[PDB]
Amino acid sequence: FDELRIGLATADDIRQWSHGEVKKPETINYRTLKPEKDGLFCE
Amino acid sequence: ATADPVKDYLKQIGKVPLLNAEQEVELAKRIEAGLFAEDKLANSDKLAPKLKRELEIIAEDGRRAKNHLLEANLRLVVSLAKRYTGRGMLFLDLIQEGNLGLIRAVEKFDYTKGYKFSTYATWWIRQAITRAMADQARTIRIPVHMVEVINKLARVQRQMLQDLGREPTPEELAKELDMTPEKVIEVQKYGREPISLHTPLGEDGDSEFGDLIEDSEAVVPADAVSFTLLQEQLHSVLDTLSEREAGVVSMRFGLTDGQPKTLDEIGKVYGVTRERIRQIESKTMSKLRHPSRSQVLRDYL
Amino acid sequence: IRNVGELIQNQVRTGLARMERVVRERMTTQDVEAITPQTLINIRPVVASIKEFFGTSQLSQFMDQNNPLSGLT
Amino acid sequence: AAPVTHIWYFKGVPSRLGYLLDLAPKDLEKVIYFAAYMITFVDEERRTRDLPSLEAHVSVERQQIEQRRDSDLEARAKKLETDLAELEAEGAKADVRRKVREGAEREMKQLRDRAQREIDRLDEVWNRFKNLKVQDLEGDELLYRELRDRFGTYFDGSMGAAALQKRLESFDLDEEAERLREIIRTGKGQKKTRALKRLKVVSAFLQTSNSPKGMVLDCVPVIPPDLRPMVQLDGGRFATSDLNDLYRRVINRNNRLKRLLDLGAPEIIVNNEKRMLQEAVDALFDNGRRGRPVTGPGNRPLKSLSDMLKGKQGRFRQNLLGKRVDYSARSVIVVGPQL
Amino acid sequence: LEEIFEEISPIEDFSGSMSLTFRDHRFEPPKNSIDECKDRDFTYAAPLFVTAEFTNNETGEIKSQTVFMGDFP
RNA sequence: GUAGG
Ligand SMILES: [Mg+2]
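Chains as they are written, first to last, in full-length UniProt numbering: chain W, 7 to 49; chain F, 210 to 510; chain A, 364 to 436; chain G, 98 to 436; chain B, 74 to 146.
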């Protein structure tokens with residue numbers, strides 16, 4: 007801990023942070039109560 | 210560009226020419242004319258360049274007529290979206306979805322039917338709106354057949370409330386829907402909505418209701434350190450036993466590695482036979498089960 | 364001062380306003396000779412409104428029962 | 098699929114907006130949210146090169162317009178005289194010729210009215226063509242379509258955050274800094290004060306290595322799932338942070354825009370869709386920074402990322418300078434003298 | 074209650090052909106005792122009925138029917 | 001919400 011540089015985050019930076027991407031509004035299955043695929047809470 | 214963008218959308222609709230029977234039937238004639246034009250253009254056979262450009266112009270005019278019908282009937286979708294508003298999806302979003310349904314109906318309409326476009330369209334518009342309401346309204350995504358099951362049982366239960374003037378007993382609901390009470394309770398519990406954490410609970414200082422409830426993933430330091438002391442005492446007690454005995458029991462119960470080894474599985478690295486290792490494992494069971502190396506471990510359970 | 368009766372009446376009035384808009388919509392989308400007073404009205408807004416006033420409303424408060432005096436007060 | 102601009106830098110004080118493009122806040126408000134057009138780039142050198150040719154074409158157009166107008170006037174006069182003569186010869190009633198002549202001259206006046214309206218249309222479109230420049234707003238969409246139709250391949254125009262992104266990509270901030278320094282060296286009044294504020298922001302961009310194009314974000318990050326928990330609740334109920342709903346909204350609207358762009362759709366619907374996407378993104382970063390917020394359940398507004406980091410209940414003043422602590426207690430205090 | 078019912082005029086469509094009159098409202102004894110309501114977690118309410126009269130000029134007929142709006146706290 | 005500080 008020496009300095010907290012802050013600034014504009016370019017699109018390349020956001021892609022770099024991302025380990026993947028999201029494609030659906032799905033959150034969980036109503037029955038299995040488990041995360042869906044390629045959506046929010048996507049494991 | 211104003212607040213409440215729906216008002217801006219209605220202004221964007223503006224004043225556009227409503228179509229009388231002759232107008233839209235002629236427009237649809239031009240639509241199918243452009244359709245045939247683009248069909249001819251798409252054919253790999255060589256067409257004269259001027260004829261191809263003429264066909265492209267006819268197709269473009271057809272596209273313009275499509276747009277005219279779209280804009281004229283934008284007013285129709287806005288009314289239909291109002292017909293379904295107030296059910297967890299935003300009004301202009303419903304209007305957009307109804308516009309998609311209109312695009313579908315328009316793409317699937319002609320004057321071959323002896324009726325107005327609007328009567329035919331109302332079906333597609335309601336189709337698209339109900340589909341989106343079933344697929345995107347709830348926080349938890351409910352399948353379409355489940356959506357119709359829940360709303361059917363809900364409306365018929367409301368009808369029972371209006372008729373009997375009393376809360377229908379669950380068996381009555383089950384026979385009405387014809388399914389078992391088990392399905393009734395299943396779908397009923399599946400037919401709820403979440404409560405948001407960021408809600409005022411009591412005073413403003415209490416603030417979000419999120420604070421009140423504890424989690425489960427948190428490692429309780431008490432239990433963790435209890436497990437650590439159990440680990441240390443257990444390792445010491447094993448060390449009390451002979452080296453080979455402790456090793457074989459540890460492999461039988463994975464005290465060094467998360468997966469315990471089966472008896473034969475221990476009889477490869479050590480070079481012992483599966484029954485030899487079984488025998489000495491039993492003797493370790495005998496040696497540990499004495500009252501000697503049991504007082505300490507009894508309190509750890 | 365809005366005594367209890369006027370408050371409950373105001374909420375019942377809101378509920379009946381919801382009922383009016385609902386039944387008007389139904390009549391706009393209902394055929395003649397198949398309309399009955401039993402069928403056309405939906406009782407949901409009234410029951411929901413009066414319920415929404417007695418739960419989750421500041422003026423509807425938990426009755427303190429420390430003593431008779433705190434009661435009356 | 099369709100770029101958007103980030104709410105914070107705009108729709109605020111002029112220090113953060115910085116006047117980075119010399120356009121009033123009304124200009125940006127009416128462009129980003131779909132409503133008025135922009136002239137991103139013009140080949141003004143190309144337009145200036147071919148002025149005599151286009152001027153000659155316009156002159157010939159006016160010449161033929163006047164020729165056909167004179168022909169129409171001649172036809173009008175012949176029609177009027179013919180109907181007058183034939184009805185007065187007929188003599189069906191006392192004064193048929195006067196009535197038909199009145200109708201004919203009314204028709205002539207109406208034809209003159211359309212003549213002058215089309216002349217005005219030509220004049221205004223031509224002078225607007227002569228009024229070309231970058232960063233030019235065109236509120237009237239019909240007028241902009243006329244501009245595209247009458248002349249293309251010379252001016253480039255656009256709508257929404259895409260136009261702004263193109264502008265910033267093409268922007269030359271160094272020349273703006275130079276000319277603003279010149280203005281400050283010799284300037285008076287309010288214009289000078291505005292220039293001073295602008296110099297600050299352009300110099301801040303120039304000294305920083307980062308490009309200004311960050312104004313137009315393209316890929317929206319997402320909060321890690323744990324930080325927005327859909328934690329199970331006893332009783333079959335569920336607990337969700339509003340950020341889940343905001344993300345659902347934005348991803349849904351992006352999906353629908355993809356669906357439209359895939360098929361051939363009109364310009365109105367796609368533009369409305371992009372406006373909707375911009376609205377969703379802005380609500381995500383800031384719910385309530387513009388007009389009514391996304392009330393969600395309707396009882397109260399929906400929380401937003403920026404809303405979380407601010408104020409008494411925000412992150413900073415409630416969970417970094419004051420934290421609950423283990424190993425503590427509380428109780429009434431009474432007086433004991435012998436201590 | 075009768076006042077709020079009365080101020081609600083009978084609903085009139087664009088044709089003004091039909092009307093619903095809410096003349097008389099009435100109550101019934103509550104089903105649950107106060108002690109029973111407190112013990113068993115029930116909102117102490119009673120039935121509230123109203124006589125709705127359907128009248129259409131086109132039909133030229135009056136159809137009276139009692140309807141139940143809901144349990145009233 | 002409402003009491004104490
Ligand atoms: Mg004190």
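The beta-carbon is built from N, C-alpha and C at its ideal position, and this holds for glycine as well.
(request) Please classify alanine 251/F: does DSSP put it in a helix, a strand, or coil? (result) Three-state DSSP puts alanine 251/F in a helix.
(request) Put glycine 254/G into one of helix, strand or coil per three-state DSSP. (result) It is a strand residue.
(request) Return the Cβ separation of residue 482/G and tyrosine 251/G in integer angstroms, given the expectation that the two are a contact with Cβ distance under 8 angstroms. (result) Absent from the structure is residue 482/G, since the part of chain G shown begins at 98 and ends at 436.
(request) Could you run through the stretch 396-420 of chain G and flag, in chain order, every residue whose CB is less than 7 angstroms away from some CB of chain F? (result) So the list reads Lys400, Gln410, given in the order they occur along the chain.
(request) Could you spell out the range, first to last residue, of the alpha helix (DSSP H) harbouring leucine 402/G? (result) Per DSSP, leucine 402/G is one residue of the alpha helix (DSSP H) stretching across 402-405.
(message) Taking 8 angstroms as the threshold (beta carbon to beta carbon), is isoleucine 406/A in contact with chain F?
(response) Yes, contact with chain F.
(request) Check distances from the C-beta atoms of the stretch 29-45 of chain W to those of chain F and list, in chain order, the residues that come in under 7 angstroms. (result) Correct list: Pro31, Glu32, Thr33, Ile34, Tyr36.
(request) Would you list, in chain order, the members of the UniProt region "Sigma-70 factor domain-2" (278-348) of chain F that have their beta-carbon closer than 8 angstroms to a beta-carbon of chain W? (result) Those would be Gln345, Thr348, in chain order.
(request) Can you give me the Cβ contacts of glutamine 366/F inside the same chain, cut-off strictly under 7 angstroms, excluding the 5 residues immediately before and after it? (result) Around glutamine 366/F, the same chain offers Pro377, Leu382 as residues with beta carbons nearer than 7 angstroms, after the five sequence neighbours per side are excluded.
(message) The beta strand (DSSP E) that contains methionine 91/B, what's its start and end?
(response) Run containing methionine 91/B: 91-100, per the beta strand (DSSP E) assignment.
(request) Determine whether the Cβ of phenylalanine 7/W lies closer than 8 angstroms to any Cβ atom of chain G. (result) False, the Cβ-Cβ gap to chain G never drops below 8 angstroms.
(request) For the stretch 383-399 of chain F, enumerate the residues whose C-beta is nearer than 8 angstroms to any C-beta of chain G, in chain order. (result) Those would be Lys398, in chain order.
(request) Please name the residues in the stretch 246-258 of chain G whose beta-carbon is closer than 7 angstroms to at least one beta-carbon of chain W, in chain order. (result) Of all residues in the stretch 246-258 of chain G, none has a Cβ within less than 7 angstroms of some Cβ in chain W.
(message) By the three-class DSSP mapping on this structure, what secondary structure does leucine 285/F have?
(response) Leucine 285/F: helix per DSSP, three-state reduction.
(request) Would you please state the rounded distance, in angstroms, between the beta carbons of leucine 370/F and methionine 373/G? I believe it to be under 8 angstroms. (result) That pair is no contact at about 38 angstroms.
(request) State the Cα-Cα distance for the pair residue 437/G and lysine 294/G, rounded to the nearest angstrom. (result) Any property of residue 437/G remains undetermined from this structure, which presents chain G solely from 98 to 436.
(message) Helix, strand or coil for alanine 186/G? Go by DSSP, reduced to three states.
(response) In the three-state scheme derived from DSSP, where H, G and I count as helix and E and B as strand, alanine 186/G is classed as helix.
(request) Check the C-beta distance from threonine 139/B over to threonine 124/B and give it rounded, since I have them as a contact under 8 angstroms. (result) Contact flag correct, Cβ pair sits at about 5 angstroms.
(message) If we define contact as Cβ-Cβ less than 8 angstroms, is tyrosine 130/G a contact residue for chain F?
(response) By this cut-off, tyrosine 130/G is an interface position.
(message) Under 8 angstroms, Cβ to Cβ, is there at least one residue of chain A near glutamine 371/F?
(response) Yes, because at least one Cβ of chain A sits closer than 8 angstroms to the Cβ of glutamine 371/F.
(message) Considering just the uninterrupted stretch of the beta strand (DSSP E) at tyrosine 399/F, what are its terminal residues?
(response) Boundaries for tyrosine 399/F: no beta strand (DSSP E) harbours it, while the alpha helix (DSSP H) harbouring it runs 390-399, taken from the DSSP string.
(message) As an exercise, report each continuous alpha helix (DSSP H) stretch of at least 4 residues that is fully enclosed by the stretch 132-185 of chain G, in chain order.
(response) Unbroken alpha helix (DSSP H) stretches of 4 residues or longer found wholly inside the stretch 132-185 of chain G: 141-146, given in chain order.
(message) Using DSSP's beta-bridge definition, name the partner residues of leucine 234/G.
(response) Looking at the DSSP assignment, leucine 234/G forms a beta bridge with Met135/G.
(message) Taking a contact to mean a Cβ-Cβ separation below 8 angstroms, would you say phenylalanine 100/B touches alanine 118/B in this structure?
(response) Not a contact, by the Cβ cut-off of 8 angstroms.
(message) Measuring alpha carbon to alpha carbon, tell me which residue in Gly480/F, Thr321/F, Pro409/F is nearest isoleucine 240/F.
(response) Nearest of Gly480/F, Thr321/F, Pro409/F to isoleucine 240/F, Cα basis: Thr321/F.
(request) Run down chain A in chain order and give the residues with a C-beta less than 8 angstroms from the C-beta of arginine 272/F. (result) Those do not exist, as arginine 272/F stays about 35 angstroms from chain A at its closest Cβ, beyond 8 angstroms.
(message) Can you check which of these residues, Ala431/F, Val446/F, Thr482/F, is closest to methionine 494/F by C-alpha distance?
(response) Cα-wise, what sits closest to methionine 494/F is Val446/F.
(request) List in chain order: all unbroken alpha helix (DSSP H) runs of 4+ residues lying wholly within the UniProt region "Sigma-70 factor domain-4" (446-499) of chain F. (result) Taking only runs of at least 4 residues, the alpha helix (DSSP H) segments lying wholly in the UniProt region "Sigma-70 factor domain-4" (446-499) of chain F are 452-462, 472-475, 483-497.
(request) For the beta strand (DSSP E) holding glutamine 393/A, just list the boundary residues, first then last. (result) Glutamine 393/A: not part of any beta strand (DSSP E); DSSP gives it neither H nor E.
(request) Can you have a look at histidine 407/F and say buried or exposed, based on whether 16 or more other CB atoms are within 10 angstroms of its CB? (result) Answer is buried; the Cβ neighbour count reaches 16.
(message) Taking only three categories from DSSP, how would you classify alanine 411/A?
(response) For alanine 411/A, the secondary structure class from DSSP, reduced to helix, strand or coil, is helix.
(request) Over the uninterrupted beta strand (DSSP E) stretch that includes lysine 136/B, give me the two end residues. (result) Element bounds for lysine 136/B: 134-141.
(request) Would you mind working out which of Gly200/G, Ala201/G, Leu184/G sits nearest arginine 194/G, comparing C-alpha positions? (result) With distances taken between Cα atoms, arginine 194/G lies closest to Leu184/G.
(message) Can you give me the C-alpha to C-alpha distance between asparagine 368/G and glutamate 134/B, rounded to a whole angstrom?
(response) Answer to the nearest angstrom: the Cα atoms are 54 angstroms apart.
(request) Quick one: list the residues of chain A neighbouring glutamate 131/B, beta-carbon separation under 8 angstroms, in chain order. (result) Going along chain A in sequence order, the residues near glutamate 131/B (Cβ under 8 angstroms) are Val395.
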